[PDB]
Amino acid sequence: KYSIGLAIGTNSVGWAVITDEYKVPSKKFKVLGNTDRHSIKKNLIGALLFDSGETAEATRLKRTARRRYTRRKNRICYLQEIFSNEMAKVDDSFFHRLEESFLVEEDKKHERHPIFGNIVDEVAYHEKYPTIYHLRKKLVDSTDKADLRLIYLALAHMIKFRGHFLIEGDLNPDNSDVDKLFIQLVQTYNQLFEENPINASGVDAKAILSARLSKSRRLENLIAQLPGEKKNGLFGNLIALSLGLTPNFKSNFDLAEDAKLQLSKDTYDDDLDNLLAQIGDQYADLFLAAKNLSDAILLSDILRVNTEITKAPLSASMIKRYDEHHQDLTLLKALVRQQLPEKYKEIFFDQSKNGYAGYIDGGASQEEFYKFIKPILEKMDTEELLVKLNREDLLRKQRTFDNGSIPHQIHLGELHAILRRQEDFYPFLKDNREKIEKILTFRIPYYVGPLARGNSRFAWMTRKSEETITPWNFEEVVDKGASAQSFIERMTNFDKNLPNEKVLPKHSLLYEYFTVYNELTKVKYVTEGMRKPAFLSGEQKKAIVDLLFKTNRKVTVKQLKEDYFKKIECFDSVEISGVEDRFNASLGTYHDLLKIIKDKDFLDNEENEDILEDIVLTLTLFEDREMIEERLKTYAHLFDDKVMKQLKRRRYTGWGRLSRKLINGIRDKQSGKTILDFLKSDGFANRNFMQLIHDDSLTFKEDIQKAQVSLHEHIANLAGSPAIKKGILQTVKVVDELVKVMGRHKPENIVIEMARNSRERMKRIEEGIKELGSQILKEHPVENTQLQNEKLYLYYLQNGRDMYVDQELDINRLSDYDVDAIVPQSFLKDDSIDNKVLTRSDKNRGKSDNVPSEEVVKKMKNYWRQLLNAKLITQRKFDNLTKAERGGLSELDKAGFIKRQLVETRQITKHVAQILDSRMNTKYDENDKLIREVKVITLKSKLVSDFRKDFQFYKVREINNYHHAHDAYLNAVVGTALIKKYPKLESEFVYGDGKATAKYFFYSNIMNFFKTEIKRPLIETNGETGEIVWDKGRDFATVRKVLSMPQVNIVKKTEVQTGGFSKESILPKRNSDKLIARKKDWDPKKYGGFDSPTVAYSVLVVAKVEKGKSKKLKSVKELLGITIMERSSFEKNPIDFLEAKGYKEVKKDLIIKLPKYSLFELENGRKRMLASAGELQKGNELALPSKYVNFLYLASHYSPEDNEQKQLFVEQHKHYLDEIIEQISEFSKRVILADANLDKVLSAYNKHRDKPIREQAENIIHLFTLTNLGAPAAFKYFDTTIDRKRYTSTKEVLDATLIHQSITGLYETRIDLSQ
RNA sequence: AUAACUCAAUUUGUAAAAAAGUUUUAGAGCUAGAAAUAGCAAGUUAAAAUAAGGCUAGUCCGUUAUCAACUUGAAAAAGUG
DNA sequence: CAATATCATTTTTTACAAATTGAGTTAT
DNA sequence: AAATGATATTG
């Protein structure tokens, strides 16, 4: 008797219930609470609306950082523990004055001067050490005994801001011998290149290299001093190396493969190896001369001082930045006094102005500050100050956005230095030097994570002993292995088939053997002789594997024929059937081990297997070469010191799909042969892995099917956005109430259907243009936000050049060229950067009816490549582009994509359909097979779109939140209709278990049976059953009646607010009540803090409150906003929370919980939704008539007969313009109550009545954002901006009726807040 | 529609780190002048907090997910038209 | 009161697993 | 990244 249609979005679930004549019922429903009404009638259509679900990511980023704050606090707390004993002797309360450094003098327990607890000393420290850097250096360099306090402060500053750990092992600054180390690179070259010596020539390398310009600038200016040596020359590339670049030595040496190196990458030693054994080991002394100059220059950018004058070249570089800032501020003051004194006070007094004033004492960035005085500096006479502003080096602060470069190794340098200096004087610095370094040095390894003890959901790390963990006991108390293993194993899959067993590493030698055989087992070959194509033999496979697979990393078909079938079966010709072009499967790990263990006969020897199957496990499981080393010691006794050294470096990542048991472990009872056996030799039926697992005449399928074995949990475990699994949950909870509503009778059919920047874009270009060698950036600069222009972005991802016709393009002309689609938008409704292309006109592509022509694919393929290489096109885009050189689009492929246009395949959507089927269908028949009482029909949103288009049931999202419902009812309809007509299409749309040309002609014309002509009968019917499917004479009318129905059940899901407590920004002090204490003890009148708390939810307090001096109790009803922070508290004692807010004799059993979007009905059926105890959003949907909806589509939308008939429905029904404004006004006036806005809106319309009919409709659409449900929002009529009329009080709600709604909003509880 | 391989792209989830930013305090401002107010001098650094907090007290946890009403439940979740 | 403007912590490195999509191979 | 609720300012 009935079916459901769902529309499942990320913000909405629309639903609808339909009967056999496509009618949607209308029932009377009980109405609870203390009201007038004991019932209502409710059309059985509606929506649920809801705020987007959100990802863990914010949550997690905030958590990982919380852990960072607490471990650094804890860094300091270690250092301090150490000084405590001997600091007591010097100063009684140093570490005290420091903690209360934040407190105002009034609240300070100790003297207001941190360091020396008086004025005269403190004032002096500062005069002698303006910065901590000045102290850092003095303590490092001076031999003099230093104040224990001054030592601690510098050790703390180094340990509090220790800089990154992105480099491994030790770093020893050598910035002096660069003018030699260059004259050594130049010489070992000139030696090798006997014929073309480079002229050292007293070129200042040290300056041009130790310079403050980009690596790619320093290369230009350094070969600029080398006569007739290009930077694309060998010496030019080598130099790019020494300046931590990635060059491509490939055309230098005449190779045919990317020989790019990078000294900082871990693979350099094995990339260099691959090159030097392509070009010769006479070129080793030239990558030694370029590693040599690298270690003196690695850190120019950061150190900027000769490491002859100091062992603290950082602090010194900062003292410099500082001194420079003195000299340069002195002069800049004077210069302004002279030439521009009129403005001086602005530059140095006014904070809001981005002057030096706003720099230091405002909020002005270096960049803003620098961007402000650009003009000022060059409208005066100075030259060197611009020099500096350009080098971003003008009035530099010591602490800045860019001290990120600084490795810890260099802080540890000075940290060490100092300790080493002062342990001469302080015995406790001697005996704990090593302790104090490891405070700086220690770091919990990412593969251990939280150091928990039972109360972390997050942690996995396992304890070797039950101590408190510390930087100095970590190794001995934390079992690092088991935790490294855990970090990985906990995430990696079990075998779906043997669910007890863990998946093998992707790079497992057996796995590679499995993978290969399973591909070798269906290879077929034919010769002029044999009457049929054969399978490979046991002995032939082995022979292939021996000679081809275990010597070529990659075996080609042209190697199968020429290197096996030729040389071992004397076949001049052969026809291979299983594999195309080359073998997917490869013995990669074999060849890698082969190189490293230099012993073939070991790998081959099947008794070693177990060991080689653990070696590779360990190479996958761990990534710390220390732990790999440890693991691999039990195999000391097999291979040289040198082989172990280069077996550690070898790492692997990735995990199979299958266990060791499944492959080579399980036996057939009959055969005592394993899957690996069956692949390796199955005589005559060279059977597959799929097969072996399904052939009922082998053991392997019962041996599997043996080991086999909540709603909210099930859905949150799917793979989608959490945004779209929020929808999946509600679409179920909806479908349950819609059953409950139909008195627990199950639909005959449920019809589901689901919906479908600038940073990462300039990184894709910048890099693409570099990894290409092209001037277009430096020649037409852009910015993050310009590239959002689709045509602009394209033009740049095509290096300012036509994608079909090698010739330049004019940046200034895009608006004349074409963004053509590769596979055309009449097959694939893909409109991403992957299927899109700028050309001066689409034509040039070739035929409109297919992929780009063989002409173009010829001419251009050389170009496209270079874009693939520059990552300025994906593999996918490359492959589609060129596809015409494999016949392009096959009549079939075509018919393919046009059935994909209506047949959902997206895995997330199948899981919805499966979930529903499995809840709807639970009953079994005599033969104990599932009975399917409910067909879950799934559609694409196209079917209905075109429906709406063809029969004019037009959709204008903007009007109201109704379409969500309409689509779900159109789904229910078309859905039930399609399968009523074409029962055979069940195979595709329903859940459960030459001809191309027709499949296409069919799937393209499926939705015909609705049309009267294209000639079809008025009444339609299933040719087989004789069942009526449609009736052009009275069904369309029922669609138009439903669509037009004015009461539709729209329902904002009410949500208690979660997340951050308030706005993060920490505001000054002010004498406000709004300011919130950043800590319990920190009165924000004195110390400032937080503002704008989020309201978790509002609460109706009726109570009494004291009024005036004598303390008369005045009664009050009002909403109190309970803040996220307050909630824990409020919940644990609602009475006490309100009492210590002022409230008294609170009526505890009148306290109504009011989440966000709580519904109230007021005076003229006017409704308002709660936003907060403090504000309301619009509560009313405006059911515009469909004759007005229809018009507004077409009007706004500028078949030629149809076209004429509809531009002449527009011109003839122009009166509707004034009529629609009216609907808006009667409404805006009745329920919106934005009088002054509404009279701008009326005034705005009246001035543009002389404007085109298209333009005016396009804008009457912007006017609906007045009348829209939810939060008031700003909008433009034409030019006129209409700012949002907000509802900033919640009083009128207190005397309204609260409406408690079901998901569907069919069952209600109405409460008349008259209390 | 399923399973294994291959290549690319994408998404979800986790851990370990870094540089800033922001907030109070500390860096004697000084000469007029009763005063409000002038002139001039200074500015780059640091201590500490970075969800309030929590008990399970860990170098842990503290922003995701889930949520009308009524009866039932610690809860999840059931029952009610 | 209720109109009206201003406001919102930013970024960066490393390490890892799982799904998913879509172009190919081989199968149930 | 908007947009929407907080907030101080304003008329």
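Virtual Cβ from ideal backbone geometry, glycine too; neighbours counted across all protein chains shown. FYI, it's all coordinate maths here, none of it is from the lab.
Rounded to whole Å and sorted largest first, what semi-axes of the equivalent ellipsoid does the C-alpha gyration tensor of segment A:725-832 yield via the square root of 5 times each eigenvalue?
Ellipsoid half-lengths, sorted descending, are 49, 18, 11 Å.
Given 10 Å bins starting at zero, what is the percent of C-alpha pairs of segment A:161-220 in each, up to the one with the largest pair distance?
Bins of 10 Å from zero give 18, 34, 34, 12, 3, 0 percent of pairs.
Taking the square root of 5 times each eigenvalue of the Cα gyration tensor, what semi-axes in Å does the equivalent ellipsoid of segment A:366-502 have, largest first?
Values: eigenvalues 465, 167, 24 Å².
Gyration-tensor ellipsoid for segment A:366-502: 48, 29, 11 Å.
How fast does segment A:282-362 diffuse by Stokes-Einstein, in µm²/s, taking the Kirkwood radius from C-alpha pairs at 37 °C and 0.692 mPa s?
Values: Rh = 16.3 Å.
In µm²/s, the coefficient rounds to 201.
Filter A:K1214/A:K1240; A:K496/A:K923; A:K1011/A:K1214; A:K550/A:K877; A:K1032/A:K1276 down to the pairs with a C-alpha to C-alpha distance above 31 Å, please. The partial results should precede the final answer.
Numbers: A:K1214/A:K1240 22 Å; A:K496/A:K923 27 Å; A:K1011/A:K1214 29 Å; A:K550/A:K877 34 Å; A:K1032/A:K1276 42 Å.
Too far apart for the 31 Å limit: A:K550/A:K877; A:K1032/A:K1276.
Any idea how far the Cα center of segment A:891-943 sits from the one of segment A:499-527, in Å?
33
For a label point 7 angstrom out from the Cα of A:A482 toward its Cβ, which stretches of segment A:442-468 have the backbone nitrogen within less than 20 Å?
A:444-468
I want to verify the translational diffusion coefficient of segment A:314-401 in µm²/s; compute it with Stokes-Einstein, Rh as the Kirkwood radius over Cα pairs, at 4 °C and 1.567 mPa s.
Translational D for this selection: 98 µm²/s.
What Kirkwood hydrodynamic radius, in Å, does segment A:914-999 give when the mean of 1/r is taken over all pairs of distinct Cα atoms and then inverted? Don't skip to the answer; put the middle values down first.
Numbers: mean 1/r = 0.0647 Å⁻¹.
The Cα-based Kirkwood calculation yields 15.5 Å.
Which pairs, out of A:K1/A:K980; A:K733/A:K1053; A:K1079/A:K1153; A:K438/A:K480, put more than 19 Å between their alpha-carbon atoms?
Among A:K1/A:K980; A:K733/A:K1053; A:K1079/A:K1153; A:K438/A:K480, the Cα-Cα distance tops 19 Å for A:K1079/A:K1153.
How long, wide and thick is segment A:268-316, going by the Cα atoms along their three principal axes, in whole angstroms, largest first?
Result, largest extent first: 45, 16, 14 Å.
I need the semi-axes of the equivalent ellipsoid of segment A:1040-1079: take the C-alpha gyration tensor, multiply each eigenvalue by 5, square-root it, list largest first in whole angstrom. Each step should come with its number before you reach the end.
On the way: eigenvalues 444, 29, 15 Å².
In descending order, the three semi-axes are 47, 12, 9 Å.
Can you pull out the trypsin sites (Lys or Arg not before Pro) in segment A:441-491 that DSSP calls coil and that have at most 16 other Cβ atoms within 10 Å? Before the final figure, lay out each step's value.
Details: sites: A:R443, A:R453, A:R457, A:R463, A:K464, A:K480, A:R490; in loops: A:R443, A:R453, A:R457, A:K464, A:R490.
Passing both the DSSP loop test and the Cβ count: A:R443, A:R453, A:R457, A:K464, A:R490.
What distance in nm separates the two pseudo spin-label positions at A:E501 and A:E629, each 7 Å out from Cα along the beta-carbon direction?
So the label points at A:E501 and A:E629 sit 3.6 nm apart.
Evaluate the Debye formula for segment A:1165-1241 with equal point scatterers sitting on the alpha carbons, no solvent, and hand back log10 of I(q)/I(0) at q = 0.12, 0.25 Å⁻¹, in q order, two decimals.
-0.50, -1.16
Regarding segment A:686-764, what's the average projected area of the Cα-atom convex hull, expressed in nm²?
With every direction weighted equally, the projected area is 12.7 nm².
Which FRET efficiency value, to the nearest 0.05, do you get for A:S1004 and A:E737 by plugging their Cβ-Cβ distance into 1/(1 + (r/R0)^6) with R0 = 30 Å?
Details: r = 39 Å, r/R0 = 1.28.
It comes to 0.20.
Extending each Cα 7 Å along its Cβ direction at A:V90 and A:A723, get the distance between those two points in nm, one decimal.
If labels sit at A:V90 and A:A723, their model points lie 5.6 nm apart.
Rounded, prolate or oblate: which one fits segment A:487-530, using the alpha carbon gyration tensor with axes a ≥ b ≥ c (rounded when a/c is under 1.5, else prolate when a/b beats b/c, else oblate)?
Taking the square roots of the gyration eigenvalues as a ≥ b ≥ c, segment A:487-530 is prolate.
Computed from the mean reciprocal separation of all distinct C-alpha pairs, what Kirkwood hydrodynamic radius does segment A:758-900 have, in Å?
15.6
Apply the Kirkwood formula to segment A:1062-1157: the hydrodynamic radius equals the inverse of the mean of 1/r over all pairs of different alpha-carbon atoms; give it in Å with one decimal.
Evaluated on segment A:1062-1157, it is 14.9 Å.
Could you sort A:123-129, A:971-977 so that the peptide with the highest average Cβ count within 10 Å comes first and the rest follow in order? Please list the in-between numbers first.
On the way: A:123-129: 12.6, A:971-977: 25.1.
The most tightly packed comes first, giving A:971-977, A:123-129.
Which whole-percent values make up P(r) of chain A when all C-alpha to C-alpha distances are grouped in 10 Å steps starting at zero?
Each 10 Å bin holds this share of Cα pairs: 1, 6, 10, 14, 18, 18, 16, 11, 5, 1, 0, 0.
If you project the alpha carbons of segment A:178-298 onto the principal axes, what extent comes out on each, in Å, largest first?
That works out to 34, 32, 21 Å along the principal axes.
Where the Cα atoms of segment A:957-1020 are projected onto their three principal axes, how long is each span, largest first, in whole Å?
47, 36, 22
Using Cα centres only, tell me the gap between segment A:46-123 and segment A:277-309 in whole Å.
The two parts, judged by their Cα centres, are 42 Å apart.
Quick one: pull the percentage of alpha-carbon pairs in segment A:469-547 with a separation above 21 Å. Let's see the in-between values first.
Numbers: 1802 of 3081 pairs.
Value for segment A:469-547 (Cα pairs over 21 Å): 58 percent.
Could you tell me whether segment A:864-912 comes out rounded, prolate or oblate from its Cα gyration tensor? Rule is a ≥ b ≥ c as square roots of the eigenvalues, rounded for a/c under 1.5, then prolate if a/b exceeds b/c, otherwise oblate. Kindly include the intermediate steps, with their values, before the conclusion.
Details: a/c = 4.93, a/b = 1.51, b/c = 3.26.
Note, shape of segment A:864-912 comes out oblate.
So what's the projected area for segment A:299-445, the Cα convex hull averaged over all directions, in nm²? It would help to have the intermediate numbers written out before the result.
Working: hull surface 48.5 nm².
With the hull built on Cα positions only, its mean projection is 12.1 nm².
Please order A:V1241, A:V13 by the number of other Cβ within 10 Å, starting at the fewest.
Ranked by crowding around the Cβ, least crowded first: A:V1241, A:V13.
To the nearest Å, what is the center-to-center distance of segment A:1010-1060 and segment A:586-631, using C-alpha atoms only?
First find each Cα centre; the distance between them is then 64 Å.
Restricting attention to the alpha-carbon atoms of segment A:1178-1295, what are Rg (one decimal) and Dmax (integer), both in Å?
According to the Cα coordinates of segment A:1178-1295, Rg and Dmax are 15.9, 58 Å.
Given the peptides A:790-797, A:387-394, arrange them by the average over their residues of other C-beta atoms within 10 Å, most packed first.
Per-residue mean Cβ counts within 10 Å order the peptides as A:790-797, A:387-394.
What does the charge count near A:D258 come to, summing +1 for each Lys or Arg and -1 for each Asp or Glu among other residues with Cβ under 10 Å from its Cβ?
0
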